[PDB]
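Here is the structure we will look at.
Computed from the coordinates by the stated procedures, all read-outs in this text should not be read as laboratory data. With ideal geometry, Cβ positions are generated from the backbone for all residues, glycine too; neighbour counts draw on all protein chains shown.
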């Protein structure tokens, strides 16, 4: 599986997940609009004053 990740060129970059990294994350800073995307072994959904994070478990799901 792969997930999207972000760099200077945008958030369309692809990264291979290990077998244990069964999540793609999409972590958004609600204050700065920073996007943090990738593969992870653990993923907790978050919806606070400053953070939104969504978790998903299929290839390139963190659009």
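I need the calculated FRET efficiency for the pair residue 16 and residue 47, taking r as the beta carbon distance and R₀ as 25 Å, to the nearest 0.05. Provide the component values of the computation, followed by the final result.
Numbers: r = 28 Å, r/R0 = 1.14.
Between residue 16 and residue 47 the formula returns 0.30.
I need the calculated FRET efficiency for the pair residue 34 and residue 2, taking r as the beta carbon distance and R₀ as 30 Å, to the nearest 0.05. Mind showing how you got there, number by number?
Numbers: r = 22 Å, r/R0 = 0.72.
Approximately 0.90, to the nearest 0.05.
Would you mind estimating how fast the chain diffuses translationally, via Stokes-Einstein at 37 °C and 0.692 mPa s with the Kirkwood radius over Cα pairs, in µm²/s? Please list the in-between numbers first.
Numbers: Rh = 11.6 Å.
Translational D for this selection: 283 µm²/s.
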